[PDB]
Amino acid sequence: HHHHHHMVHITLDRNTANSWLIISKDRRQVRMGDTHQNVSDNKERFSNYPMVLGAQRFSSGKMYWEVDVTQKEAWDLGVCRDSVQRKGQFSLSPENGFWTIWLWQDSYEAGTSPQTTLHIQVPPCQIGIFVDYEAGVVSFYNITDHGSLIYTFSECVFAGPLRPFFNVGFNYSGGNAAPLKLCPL
Ligand SMILES: CC(=O)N1CCCC2(CCCCCC2)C1
């Protein structure tokens, strides 16, 4: 792909983070802490899952960013509506305002309802995310495999401002402690 020129500088929004997340000083890395991280509750925080939003809101244009997923067993990545549900249980689906892919139990899947199997020959260490607001497109690229396409959501009905979306995943296994990192431009 040739989307690199729409690169945007994404930072994480502390106030939206699940209370067990640790966001780095530069707001470019997030990982799941071994306990509650000593913050007050608020109506923005994701309660049930180790999720956080980017600070940036997008309502027009073309945007591209890259995330490092090295040595993680589980994670979700993509975009979501600014008004997505924060509290309780929910599915990652376009009907609920999410355009996402994930890794879970050695398989990659797109967050359609029901979910779609992805065909990845080279497990990615870095994922590229491309949003075209006007076209209604969210695409995912395998940076480890020379930028090969992973998945395109088309005919997206965003129905609001979009925010970058992250889930570091659970660490029940002790093998998923590694952070998500926003990669340099
Ligand atoms: C180890 C692990 O991953 N756990 C156990 C502790 C609670 C959970 C943390 C993630 C935030 C939401 C609540 C679930 C899951």
Side-chain angles (χ1 to χ4, degrees), residues 8 10-58 63 65-105 107-113 115-116 118 124 126-129 131 138 140 150-151 153 156 158-183:
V8 291
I10 298 310
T11 59
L12 301 170
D13 182 348
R14 302 197 168 276
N15 288 338
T16 69
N18 176 277
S19 63
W20 287 45
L21 299 181
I22 302 170
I23 290 164
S24 62
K25 173 162 57 173
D26 67 1
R27 302 183 319 103
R28 303 271 286 170
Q29 315 188 17
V30 57
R31 67 190 179 86
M32 168 146 214
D34 276 343
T35 187
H36 188 289
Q37 290 310 126
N38 203 33
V39 297
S40 64
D41 211 356
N42 71 53
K43 67 176 208 198
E44 304 181 53
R45 300 196 184 289
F46 288 100
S47 60
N48 288 46
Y49 312 106
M51 294 165 177
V52 60
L53 307 186
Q56 289 72 36
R57 281 51 153 9
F58 299 126
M63 286 73 53
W65 62 97
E66 292 179 356
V67 186
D68 194 300
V69 299
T70 302
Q71 73 136 141
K72 292 191 65 55
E73 294 175 348
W75 49 262
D76 313 327
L77 289 173
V79 289
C80 64
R81 288 186 194 139
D82 60 354
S83 56
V84 295
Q85 177 185 348
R86 306 307 173 85
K87 306 306 185 182
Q89 289 176 110
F90 56 84
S91 295
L92 295 177
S93 63
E95 310 95 85
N96 288 339
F98 299 90
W99 297 266
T100 61
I101 68 170
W102 66 74
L103 171 64
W104 174 253
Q105 298 190 167
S107 79
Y108 297 94
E109 296 175 328
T112 54
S113 185
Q115 73 250 61
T116 303
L118 302 174
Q126 299 90 30
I127 301 291
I129 302 172
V131 180
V138 181
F140 297 85
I150 297 167
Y151 193 81
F153 291 89
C156 297
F158 300 133
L162 292 176
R163 298 185 64 177
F165 173 77
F166 310 85
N167 188 354
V168 298
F170 302 137
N171 185 33
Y172 291 112
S173 66
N176 198 35
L180 293 176
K181 308 185 187 173
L182 283 154
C183 312

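Heavy atoms only: backbone and side chains are in, while hydrogens, waters and symmetry mates are out. Numbering starts at 1 and runs along the sequence shown.
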Minimal heavy-atom distance between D76 and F165, with the atoms involved, is CB-CE2, 4.0 Å

Closest heavy-atom pair, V8 versus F58, reported as atoms and distance to 0.1 Å, is CG2-CZ, 4.0 Å

In terms of heavy-atom contacts, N171 and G175 come closest through OD1-N, 3.2 Å

Inset, instruction - For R31 and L21, indicate whether the former's side chain and the latter's backbone hold a donor-acceptor pair under 3.5 Å. - result: no

Residues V30, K181; criterion side chain to side chain contact (heavy atoms under 4.5 Å, CB included); working and verdict
CA-CA 7 Å; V30 57; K181 308 185 187 173; over 6 Å; no

Shortest non-hydrogen pair, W104 vs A74, comes out as CE3-CB, 4.0 Å

| query | Heavy atoms, side chains only, cut-off 4.5 Å: are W20 and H36 in contact? | reply | yes

Between the CG atom in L77 and the CZ atom in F140, the distance rounded to the nearest 0.5 Å is 7.5 Å

request  = Measure the shortest side-chain to side-chain distance between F98 and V79 over non-hydrogen atoms and say whether it is less than 4.5 angstrom.
outcome  = no

Donor-acceptor pairs under 3.5 angstrom involving side-chain atoms of residues 84-96: please list them, not counting sequence neighbours.
unit_1: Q85; atom_1: NE2; unit_2: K87; atom_2: O; d: 2.8
unit_1: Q85; atom_1: NE2; unit_2: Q89; atom_2: O; d: 3.2
unit_1: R86; atom_1: NE; unit_2: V84; atom_2: O; d: 3.0
unit_1: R86; atom_1: NH1; unit_2: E44; atom_2: O; d: 2.9
unit_1: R86; atom_1: NH2; unit_2: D82; atom_2: O; d: 2.8
unit_1: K87; atom_1: NZ; unit_2: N42; atom_2: O; d: 2.8
unit_1: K87; atom_1: NZ; unit_2: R45; atom_2: O; d: 2.8
unit_1: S93; atom_1: OG; unit_2: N96; atom_2: N; d: 3.2
unit_1: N96; atom_1: ND2; unit_2: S91; atom_2: O; d: 2.9

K72 meets the side chain to side chain contact (heavy atoms under 4.5 Å, CB included) criterion, sequence neighbours left out, with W75, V168, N176, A178, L180

* Measure from the side-chain N and O atoms of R27 to the backbone N and O of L12, and report whether any donor-acceptor pair falls under 3.5 Å. => yes

In short, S19 meets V39 closest at the heavy-atom pair CB-CG2, 4.0 Å

Practice prompt. Let me see the working for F166 and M51 under side chain to side chain contact (heavy atoms under 4.5 Å, CB included), right down to the final yes or no.
Written response: CA-CA 6 Å; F166 310 85; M51 294 165 177; over 6 Å; no

Rounded to the nearest 0.5 angstrom, the CG-CD distance for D68 and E66 is 10.0 Å

By side-chain hydrogen bond (donor to acceptor under 3.5 Å, both in side chains), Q37 pairs with (sequence neighbours left out) none

For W65 and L182, run side chain to side chain contact (heavy atoms under 4.5 Å, CB included): C-alpha distance rounded to whole Å, both residues' side-chain angles, the deciding distance at 0.1 Å, then the answer. CA-CA 8 Å; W65 62 97; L182 283 154; 3.8 Å; yes

Across all chains, not counting sequence neighbours, the side-chain hydrogen bond (donor to acceptor under 3.5 Å, both in side chains) partners of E109 are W102, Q115

Take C80 and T100 through the side chain to side chain contact (heavy atoms under 4.5 Å, CB included) test and state the conclusion after the steps. CA-CA 8 Å; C80 64; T100 61; over 6 Å; no

Here the pair of heavy atoms bringing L162 nearest to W99 is CD2-CZ3, 3.8 Å

Separation between OG1 (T11) and CG (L53), nearest 0.5 Å, reads 11.5 Å

TODO: State whether the side chain of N18 and the backbone N or O of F46 hold a donor-acceptor pair below 3.5 Å, judged by distance alone.
DONE: yes

By side chain to side chain contact (heavy atoms under 4.5 Å, CB included), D26 pairs with (sequence neighbours left out) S24, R28

To the nearest 0.5 Å, atom SG of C183 lies from atom CD1 of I10 at 12.0 Å

Those residues at least two apart in sequence (or on a different chain) that pass salt bridge (charged side-chain N to carboxylate O under 4.0 Å, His left out) with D13 are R163

Output for pair (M63 CE, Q56 CD), nearest 0.5 Å, gives 11.0 Å

Quiz prompt | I101 side chain reached by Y108 side chain, heavy atoms, under 4.5 Å | solution = no

